[PDB]
Structures are given as C-alpha cells and as structure tokens.
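*Asks:* Quick one: structure below, then a few questions.
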Amino acid sequence: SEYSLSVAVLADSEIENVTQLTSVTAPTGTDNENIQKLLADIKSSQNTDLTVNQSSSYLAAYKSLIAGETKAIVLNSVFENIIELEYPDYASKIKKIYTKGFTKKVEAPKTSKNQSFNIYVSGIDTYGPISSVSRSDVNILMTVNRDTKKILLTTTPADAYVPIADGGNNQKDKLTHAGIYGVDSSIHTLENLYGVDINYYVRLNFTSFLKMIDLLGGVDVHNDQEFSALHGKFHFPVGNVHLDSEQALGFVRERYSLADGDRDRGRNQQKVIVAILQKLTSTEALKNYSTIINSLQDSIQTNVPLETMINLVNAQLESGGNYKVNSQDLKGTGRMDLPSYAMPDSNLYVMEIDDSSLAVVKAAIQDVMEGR
Ligand SMILES: CC(C)=CCC/C(C)=C\CC/C(C)=C\CC/C(C)=C\CC/C(C)=C\CC/C(C)=C\CC/C(C)=C\CC/C(C)=C\COP(=O)(O)OP(=O)(O)O
Ligand SMILES: [Mn+2]
C-alpha cells in the first residue's frame with residue numbers, strides 16, 4: 001500500500017517551501033516513525049532542521065493550522081480521510097509544500113495449519129471504484145471448517161465500540177471507522193477483539209456488490225418479516241423472495257423499519273451471504289470460477305491466493321455437499337455519551353459491547369474451528 005507524508009500550510013500562506021520554516025506541528029506521540037522519516041528526508045534534500053511542536057493527533061494539528069496557532073503541519077495522507085469526517089472542506093483549506101512517498105508491505109494472507117480458516121468480509125458504504133475510501137459498515141467473519149463442512153457467520157455491528165487497531169491507535173471508536181484507516185485496521189481490530197487469526201479478507205463496496213449479484217443471476221432468500229427499502233421502492237413480503245442486484249442491496253441496507261433494527265439488518269446480510277454461497281457453489285459457477293475472477297477482480301479486493309481459490313473450488317467440484325451455516329451477532333447497548341476517537345468533537349451513537357455476549361461469540365468461533 002502507498003501513502004505519503006507532506007508538510008502542509010494554509011492555502012493562502014506566504015510560505016512556499018520547507019526552508020522557510022523552523023518548526024512543524026505533528027503527532028509524534030502516535031505516528032513518530034513516519035514523521036521522523038519525513039524529517040530525515042527534508043534534512044537530506046534541503047539541509048533544513050525542523051523542530052517538532054507535538055500535536056495530540058493529525059486532527060489536532062489540522063485544527064491548530066486553521067486557527068493560525070501554527071504555521072505548518074505534517075500530514076499523513078491516510079488521516080486526510082479522518083480529518084474529512086469533522087472538516088469536509090479540509091482539502092480546500094491547505095496547500096502542500098513538501099511531499100514524501102511511503103510504501104508499506106501488505107501483511108500476507110495466513111495459511112491455516114488445519115481444516116479451518118477465517119475470512120473477513122468488509123462492505124464499504126459507497127458506490128464507485130473499489131479504491132474509494134469509506135467506512136466499513138459490513139463486518140462479517142466467516143469461520144469455515146472444511147472437515148465438518150460447517151460455516152459460522154459472526155457479525156459485529158458497525159457501531160460496535162471497540163479498540164481500533166493501527167491508525168486508530170488502539171483507542172475505542174465505532175468499528176466502522178476502522179474501514180477508513182484501511183482493511184488492515186479492520187482485520188487487526190477484529191483479531192484483537194475475538195482473539196483469533198483472520199486468514200483472508202474480501203473488501204467490496206455498493207458497486208462491487210451489484211456487479212456480483214448481477215453475475216450470479218440474483219439471489220434467493222427466505223424473508224422473515226414484511227418490510228420495504230430505498231424510499232419505498234422495494235417491498236419484501238414474508239416468504240421466498242428472489243432478489244436482483246438493486247433489490248438485494250436495498251434488502252441488506254434497511255434497518256430502521258425492522259422489528260430488531262440493526263440486528264435484523266445483520267441477519268438479512270447473513271441470509272444474503274448464504275444465498276451468494278449457494279450460487280457460487282453451483283457446478284457451473286465452480287467450473288467457471290476463472291471467469292468469475294476475471295469479471296469481478298477490478299471491483300472486489302481480496303488476498304485469498306489464486307492457489308487457494310483453485311484448491312477450494314476443485315475440492316468442492318469433486319466432493320460436492322453443502323455447508324451447514326450458523327450465524328451469531330455481538331450484542332451490546334446503544335449509547336450517545338461515549339467519545340469517538342476519530343471524531344472527538346461529535347456526539348455519535350455507539351454500541352457498548354456486552355461482556356457475556358463477547359464470551360459466547362468467542363467460544364462459538366473456537367468450537368467451529370476445532371470441530372466441536
Ligand atoms: C464458491 C467458492 C469460491 C469456493 C468454495 C466454497 C468454500 C469451500 C468456501 C467459501 C469461502 C470462499 C473462499 C469464497 C466464497 C466467497 C465468500 C466467502 C463470500 C461472498 C459474499 C460477499 C463477498 C459479500 C456479501 C457481503 C454483504 C452481505 C453485503 C455487502 C454490501 C455492501 C458493500 C455494503 C452495505 C453496507 C451497509 C449495510 C450500509 C451502508 O449504507 P448507509 O451508509 O447508506 O447506511 P448507514 O451507515 O447510515 O446505516
Ligand atoms: Mn454508512
């Protein structure tokens with residue numbers, strides 16, 4: 001993955017270059033390694049020493065800049081998207097006078113040493129190209145045991161108030177914010193929360209989802225409660241329902257009108273995963289898996305190695321047999337009085353996790369992995 005650190009000043013600043021500065025404001029408490037690499041680059045290329053005015057975060061640095069409390073800040077590009085949450089116009093307020101590119105080696109997929117593996121499915125709340133940065137509102141762990149032919153779907157509510165890994169600095173915030181930092185943040189957050197290894201991920205957005213359902217010829221689910229979606233455009237009666245792509249996206253997004261709200265929305269997402277798996281495990285879809293890869297690779301990100309896809313597909317083509325699927329959801333209590341690490345100035349709704357639910361969820365993941 002590619003990112004950058006820059007020295008930024010106000011758009012109208014008389015400052016044109018780093019040699020005109022004596023200090024820069026930066027969150028060296030939390031991004032020190034990156035910040036020092038920028039400062040060494042500036043020393044190398046411009047023979048300019050800069051002292052650091054420590055800020056509590058990139059957001060705090062940005063606030064000090066616009067307030068005119070500092071002349072210049074360091075900005076790590078990843079955090080631009082975090083700043084944007086409180087300051088949507090931030091890009092228009094600043095100019096960049098020095099830029100350094102950075103590359104982080106992606107954490108490899110982990111091959112399980114047994115019959116079970118965990119795949120994290122992250123669903124990003126935007127239309128458009130897959131590289132579009134947004135929140136991760138779908139966060140479903142799929143625990144698969146090829147020996148017992150069981151799958152467990154664990155849904156963690158988007159609003160779940162948990163320590164956010166990496167860019168989140170392990171501070172508590174809504175899980176969905178982890179998606180802004182990147183898929184590695186979401187993965188590590190859930191690995192930390194459930195105490196399990198996540199072998200692979202799949203990341204997709206609204207546009208990705210539509211393309212996938214189109215390719216599979218829609219999906220078939222059993223709907224448990226009458227509801228409508230997307231400003232009353234779609235109406236879903238009780239019973240068996242065929243969902244084309246737009247219908248399916250409405251089906252997985254609606255929560256307010258459901259009897260159990262977001263928990264029911266979580267259950268509808270789980271129904272749709274099962275329905276997708278049923279399409280993906282048809283003889284034709286398996287035989288044609290390479291065409292599916294070709295058709296969706298520009299819109300769906302995954303680190304499942306090709307080799308592994310081939311093994312999973314071919315084992316299934318040879319053996320047949322359906323996976324029995326069970327589902328569970330992490331429970332808690334909605335609150336509006338807890339601080340968001342990403343958005344400290346805003347009152348947000350979060351779900352404080354129930355301890356006993358966490359224990360149950362963890363135990364069920366372990367059981368399925370071990371074949372209990
Ligand atoms: C068959 C094969 C390949 C192998 C053999 C099978 C085998 C042996 C194993 C199976 C495992 C493998 C390797 C492959 C199979 C493929 C898998 C595992 C899954 C496919 C399913 C998938 C990729 C996605 C389904 C995700 C889903 C239910 C929804 C995603 C929709 C999105 C992007 C967003 C919605 C966000 C929401 C709810 C609100 C935002 O909306 P908004 O922001 O407006 O609302 P607000 O925020 O305000 O609420
Ligand atoms: Mn959303």
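Chains: A, B, ... in order of the structure tokens. Residues: from 1 per chain. Ligands: from 1, in order shown.
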Hey, could you make a per-residue contact list for chain A against ligand 1 with 6 Å as the cut-off, showing the nearest pair of atoms and its distance in Å to one decimal, counting only C-alpha atoms and all ligand atoms, sorted by chain and number, as a Markdown table?
*Replies:*
```
| residue | atom | partner | partner_atom_place_in_ligand_line | distance |
| --- | --- | --- | --- | --- |
| A:123 | CA | ligand 1 | 33 (C) | 3.7 |
| A:124 | CA | ligand 1 | 33 (C) | 4.8 |
| A:125 | CA | ligand 1 | 40 (C) | 4.4 |
| A:137 | CA | ligand 1 | 36 (C) | 4.7 |
| A:138 | CA | ligand 1 | 36 (C) | 5.3 |
| A:204 | CA | ligand 1 | 33 (C) | 5.1 |
| A:205 | CA | ligand 1 | 33 (C) | 3.6 |
| A:206 | CA | ligand 1 | 33 (C) | 4.3 |
| A:209 | CA | ligand 1 | 31 (C) | 5.6 |
| A:252 | CA | ligand 1 | 38 (C) | 5.5 |
| A:253 | CA | ligand 1 | 38 (C) | 4.2 |
| A:269 | CA | ligand 1 | 28 (C) | 4.0 |
| A:272 | CA | ligand 1 | 28 (C) | 5.3 |
| A:273 | CA | ligand 1 | 21 (C) | 4.9 |
| A:276 | CA | ligand 1 | 21 (C) | 5.8 |
| A:277 | CA | ligand 1 | 1 (C) | 6.0 |
| A:280 | CA | ligand 1 | 1 (C) | 4.1 |
| A:281 | CA | ligand 1 | 1 (C) | 4.5 |
| A:312 | CA | ligand 1 | 8 (C) | 4.9 |
| A:313 | CA | ligand 1 | 4 (C) | 4.8 |
| A:316 | CA | ligand 1 | 5 (C) | 5.9 |
```
*Asks:* Write out as a PyMOL selection string which residues come within 6 Å of stretch 1-11 of chain A when counting only C-alpha atoms, dropping same-chain ones fewer than 2 positions away.
*Replies:* chain A and resi 13+72-77+93-104
*Asks:* Suppose we keep N, CA and C atoms; can you now write the selection as a PDB file, in the first residue's frame?
*Replies:*
```pdb
ATOM      1  N   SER A  13      -1.042  30.916   2.447  1.00  0.00           N
ATOM      2  CA  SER A  13       0.194  31.234   3.160  1.00  0.00           C
ATOM      3  C   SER A  13       1.290  31.800   2.237  1.00  0.00           C
ATOM      4  N   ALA A  72       2.677  25.559  10.094  1.00  0.00           N
ATOM      5  CA  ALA A  72       2.861  24.360   9.250  1.00  0.00           C
ATOM      6  C   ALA A  72       2.622  23.078  10.035  1.00  0.00           C
ATOM      7  N   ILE A  73       2.063  22.066   9.369  1.00  0.00           N
ATOM      8  CA  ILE A  73       1.878  20.730   9.958  1.00  0.00           C
ATOM      9  C   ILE A  73       2.432  19.666   9.054  1.00  0.00           C
ATOM     10  N   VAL A  74       2.699  18.501   9.648  1.00  0.00           N
ATOM     11  CA  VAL A  74       2.904  17.269   8.912  1.00  0.00           C
ATOM     12  C   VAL A  74       1.525  16.625   8.725  1.00  0.00           C
ATOM     13  N   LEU A  75       1.285  16.094   7.536  1.00  0.00           N
ATOM     14  CA  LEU A  75       0.035  15.389   7.244  1.00  0.00           C
ATOM     15  C   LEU A  75       0.361  14.051   6.611  1.00  0.00           C
ATOM     16  N   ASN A  76      -0.081  12.980   7.264  1.00  0.00           N
ATOM     17  CA  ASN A  76      -0.019  11.637   6.723  1.00  0.00           C
ATOM     18  C   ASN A  76      -1.336  11.435   5.953  1.00  0.00           C
ATOM     19  N   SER A  77      -1.224  11.108   4.673  1.00  0.00           N
ATOM     20  CA  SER A  77      -2.375  11.075   3.757  1.00  0.00           C
ATOM     21  C   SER A  77      -3.521  10.171   4.235  1.00  0.00           C
ATOM     22  N   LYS A  93      -8.617  24.051   2.183  1.00  0.00           N
ATOM     23  CA  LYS A  93      -8.060  24.994   3.166  1.00  0.00           C
ATOM     24  C   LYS A  93      -6.515  25.029   3.174  1.00  0.00           C
ATOM     25  N   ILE A  94      -5.908  24.034   2.546  1.00  0.00           N
ATOM     26  CA  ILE A  94      -4.454  23.809   2.665  1.00  0.00           C
ATOM     27  C   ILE A  94      -3.742  23.698   1.320  1.00  0.00           C
ATOM     28  N   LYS A  95      -2.422  23.906   1.351  1.00  0.00           N
ATOM     29  CA  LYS A  95      -1.556  23.535   0.232  1.00  0.00           C
ATOM     30  C   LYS A  95      -0.390  22.725   0.794  1.00  0.00           C
ATOM     31  N   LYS A  96       0.234  21.916  -0.049  1.00  0.00           N
ATOM     32  CA  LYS A  96       1.334  21.075   0.379  1.00  0.00           C
ATOM     33  C   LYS A  96       2.609  21.621  -0.238  1.00  0.00           C
ATOM     34  N   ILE A  97       3.657  21.763   0.575  1.00  0.00           N
ATOM     35  CA  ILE A  97       4.902  22.383   0.101  1.00  0.00           C
ATOM     36  C   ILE A  97       6.077  21.407   0.014  1.00  0.00           C
ATOM     37  N   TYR A  98       5.889  20.211   0.570  1.00  0.00           N
ATOM     38  CA  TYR A  98       6.907  19.159   0.539  1.00  0.00           C
ATOM     39  C   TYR A  98       6.162  17.838   0.603  1.00  0.00           C
ATOM     40  N   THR A  99       6.598  16.842  -0.162  1.00  0.00           N
ATOM     41  CA  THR A  99       5.897  15.546  -0.199  1.00  0.00           C
ATOM     42  C   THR A  99       6.896  14.389  -0.156  1.00  0.00           C
ATOM     43  N   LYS A 100       6.627  13.382   0.673  1.00  0.00           N
ATOM     44  CA  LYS A 100       7.467  12.176   0.682  1.00  0.00           C
ATOM     45  C   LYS A 100       6.572  10.947   0.555  1.00  0.00           C
ATOM     46  N   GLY A 101       6.870  10.102  -0.434  1.00  0.00           N
ATOM     47  CA  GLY A 101       6.131   8.844  -0.620  1.00  0.00           C
ATOM     48  C   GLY A 101       6.620   7.703   0.251  1.00  0.00           C
ATOM     49  N   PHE A 102       5.677   6.850   0.640  1.00  0.00           N
ATOM     50  CA  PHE A 102       5.917   5.746   1.558  1.00  0.00           C
ATOM     51  C   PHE A 102       5.212   4.529   0.998  1.00  0.00           C
ATOM     52  N   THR A 103       5.778   3.358   1.261  1.00  0.00           N
ATOM     53  CA  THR A 103       5.153   2.083   0.894  1.00  0.00           C
ATOM     54  C   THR A 103       5.232   1.132   2.085  1.00  0.00           C
ATOM     55  N   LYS A 104       4.093   0.540   2.441  1.00  0.00           N
ATOM     56  CA  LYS A 104       4.045  -0.486   3.474  1.00  0.00           C
ATOM     57  C   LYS A 104       3.774  -1.829   2.808  1.00  0.00           C
TER      58      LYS A 104
END
```
*Asks:* Can you pull out every residue within 12 Å of residue A:154, counting only C-alpha atoms, but drop anything in the same chain fewer than 2 positions away, and send it as a PyMOL selection string?
*Replies:* chain A and resi 118-121+138-144+151-152+156-157+190+194+263+266-267+269-270+273+325-331+357-358+360-366+368
*Asks:* List the spatial neighbours of residue A:193 as a ChimeraX atom specification - criterion: any atom at most 12 Å away, only C-alpha atoms, same-chain residues fewer than 3 positions off excluded.
*Replies:* /A:141,156,160-165,170,172,175,186-190,196-198,330,353,355,358-359,361-362
*Asks:* With C-alpha atoms retained, write the just-selected residues as an mmCIF file, in the first residue's frame.
*Replies:*
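Written file, out_10.cif:
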```cif
data_model
loop_
_atom_site.group_PDB
_atom_site.id
_atom_site.type_symbol
_atom_site.label_atom_id
_atom_site.label_comp_id
_atom_site.auth_asym_id
_atom_site.auth_seq_id
_atom_site.Cartn_x
_atom_site.Cartn_y
_atom_site.Cartn_z
ATOM 1 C CA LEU A 141 -16.264 -13.039 9.938
ATOM 2 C CA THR A 156 -20.043 -7.373 14.515
ATOM 3 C CA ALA A 160 -19.607 -1.640 17.981
ATOM 4 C CA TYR A 161 -17.391 0.413 20.319
ATOM 5 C CA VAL A 162 -14.033 -1.374 20.255
ATOM 6 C CA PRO A 163 -10.275 -0.612 20.374
ATOM 7 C CA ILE A 164 -9.386 0.292 16.752
ATOM 8 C CA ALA A 165 -6.017 -1.094 15.662
ATOM 9 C CA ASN A 170 -5.984 1.103 19.907
ATOM 10 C CA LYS A 172 -12.145 2.890 21.424
ATOM 11 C CA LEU A 175 -15.822 -0.400 14.303
ATOM 12 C CA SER A 186 -10.410 -3.557 10.396
ATOM 13 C CA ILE A 187 -8.734 -7.010 10.349
ATOM 14 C CA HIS A 188 -6.435 -6.364 13.295
ATOM 15 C CA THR A 189 -9.278 -4.763 15.274
ATOM 16 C CA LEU A 190 -11.344 -7.944 14.948
ATOM 17 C CA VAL A 196 -8.423 -15.216 16.505
ATOM 18 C CA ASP A 197 -6.314 -15.134 13.378
ATOM 19 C CA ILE A 198 -8.002 -13.871 10.274
ATOM 20 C CA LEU A 330 -22.110 -9.499 19.010
ATOM 21 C CA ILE A 353 -20.201 -4.352 23.989
ATOM 22 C CA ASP A 355 -19.106 -8.865 28.073
ATOM 23 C CA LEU A 358 -18.295 -11.427 23.711
ATOM 24 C CA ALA A 359 -17.540 -14.616 25.678
ATOM 25 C CA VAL A 361 -19.182 -15.286 20.416
ATOM 26 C CA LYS A 362 -15.535 -16.207 21.068
#
```
*Asks:* Please return, as number ranges by chain, all residues of stretch 46-227 of chain A that DSSP assigns to strand (DSSP E or B) on the basis of the backbone.
*Replies:* A: 51-54, 73-76, 94-103, 116-124, 136-145, 150-155, 160-164, 171-174, 200-205, 219-223, 227
*Asks:* Could you name the residues that touch stretch 55-63 of chain A at 12 Å or less, counting only C-alpha atoms, but leaving out those on the same chain fewer than 6 positions away, as number ranges by chain?
*Replies:* A: 5-10, 24-32, 35, 69-87, 89-91, 93-94, 167-169, 341-345
*Asks:* Just write the chosen residues, C-alpha atoms, as an mmCIF file, in the first residue's frame.
*Replies:*
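result34.cif, freshly written:
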```cif
data_model
loop_
_atom_site.group_PDB
_atom_site.id
_atom_site.type_symbol
_atom_site.label_atom_id
_atom_site.label_comp_id
_atom_site.auth_asym_id
_atom_site.auth_seq_id
_atom_site.Cartn_x
_atom_site.Cartn_y
_atom_site.Cartn_z
ATOM 1 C CA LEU A 5 3.575 12.445 4.389
ATOM 2 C CA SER A 6 3.576 16.111 3.441
ATOM 3 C CA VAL A 7 4.282 19.457 5.016
ATOM 4 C CA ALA A 8 1.078 21.446 4.716
ATOM 5 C CA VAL A 9 0.352 25.154 5.241
ATOM 6 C CA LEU A 10 -2.767 27.260 4.790
ATOM 7 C CA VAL A 24 6.328 21.863 12.194
ATOM 8 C CA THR A 25 3.352 20.585 14.239
ATOM 9 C CA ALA A 26 2.978 16.785 14.170
ATOM 10 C CA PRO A 27 1.525 13.962 16.290
ATOM 11 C CA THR A 28 4.906 12.381 17.197
ATOM 12 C CA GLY A 29 3.190 10.600 20.107
ATOM 13 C CA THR A 30 1.372 8.308 17.682
ATOM 14 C CA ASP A 31 2.979 8.482 14.202
ATOM 15 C CA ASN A 32 6.589 9.009 15.184
ATOM 16 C CA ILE A 35 7.217 11.617 10.962
ATOM 17 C CA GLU A 69 -1.757 28.629 16.092
ATOM 18 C CA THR A 70 0.934 27.001 13.943
ATOM 19 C CA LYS A 71 2.344 27.936 10.527
ATOM 20 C CA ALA A 72 2.861 24.360 9.250
ATOM 21 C CA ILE A 73 1.878 20.730 9.958
ATOM 22 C CA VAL A 74 2.904 17.269 8.912
ATOM 23 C CA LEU A 75 0.035 15.389 7.244
ATOM 24 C CA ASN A 76 -0.019 11.637 6.723
ATOM 25 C CA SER A 77 -2.375 11.075 3.757
ATOM 26 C CA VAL A 78 -4.213 8.186 5.487
ATOM 27 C CA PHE A 79 -5.501 10.637 8.075
ATOM 28 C CA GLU A 80 -6.879 13.085 5.477
ATOM 29 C CA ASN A 81 -9.954 10.857 5.354
ATOM 30 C CA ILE A 82 -10.278 11.032 9.171
ATOM 31 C CA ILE A 83 -9.974 14.826 9.229
ATOM 32 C CA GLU A 84 -12.642 14.893 6.482
ATOM 33 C CA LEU A 85 -15.173 13.455 8.975
ATOM 34 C CA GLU A 86 -15.178 16.687 11.031
ATOM 35 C CA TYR A 87 -13.865 19.026 8.332
ATOM 36 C CA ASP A 89 -13.658 21.000 3.194
ATOM 37 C CA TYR A 90 -10.131 20.405 4.624
ATOM 38 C CA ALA A 91 -8.559 19.886 1.172
ATOM 39 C CA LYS A 93 -8.060 24.994 3.166
ATOM 40 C CA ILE A 94 -4.454 23.809 2.665
ATOM 41 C CA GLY A 167 -4.269 4.141 12.718
ATOM 42 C CA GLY A 168 -6.935 4.004 15.465
ATOM 43 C CA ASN A 169 -4.088 3.829 17.985
ATOM 44 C CA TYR A 341 -11.506 8.700 18.833
ATOM 45 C CA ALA A 342 -11.838 9.746 15.174
ATOM 46 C CA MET A 343 -14.471 12.426 15.828
ATOM 47 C CA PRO A 344 -13.806 13.804 19.331
ATOM 48 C CA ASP A 345 -15.994 16.877 18.801
#
```
*Asks:* Which of these, A:335, A:372, A:203, A:235, has the shortest distance to residue A:297 once you count only C-alpha atoms?
*Replies:*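 Closest residue, counting only C-alpha atoms: A:203.
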*Asks:* Nearest to residue A:289 among A:262, A:347, A:317, A:195, with distances taken over only C-alpha atoms: which residue is it?
*Replies:*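 The closest residue to residue A:289 is A:317.
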*Asks:* Tell me, which residues of stretch 171-242 of chain A carry DSSP helix (DSSP H, G or I), written as a VMD selection string?
*Replies:* chain A and resid 175 to 181 183 to 194 206 to 215
*Asks:* Atom CA of residue A:264 and atom CA of residue A:349 are how many Å apart?
*Replies:*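 Interatomic distance, atom CA of residue A:264 to atom CA of residue A:349: 17.9 Å.
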*Asks:* Would you list the contacts of residue A:219 as a VMD selection string, taking every protein, DNA or RNA residue within 7 Å and counting only C-alpha atoms, but skipping same-chain residues closer than 6 positions in sequence?
*Replies:* chain A and resid 213 242 to 244 275 to 276
*Asks:* Residues of the last selection are to be written out with C-alpha atoms, as a PDB file, in the first residue's frame.
*Replies:*
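The resulting file, part39.pdb, is shown below:
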```pdb
ATOM      1  CA  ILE A 213     -25.261 -10.236  -7.744  1.00  0.00           C
ATOM      2  CA  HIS A 242     -35.808 -13.587  -5.471  1.00  0.00           C
ATOM      3  CA  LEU A 243     -33.530 -10.562  -5.261  1.00  0.00           C
ATOM      4  CA  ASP A 244     -31.982  -8.948  -8.310  1.00  0.00           C
ATOM      5  CA  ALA A 275     -27.573 -17.150  -0.863  1.00  0.00           C
ATOM      6  CA  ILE A 276     -24.348 -15.965  -2.573  1.00  0.00           C
TER       7      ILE A 276
END
```
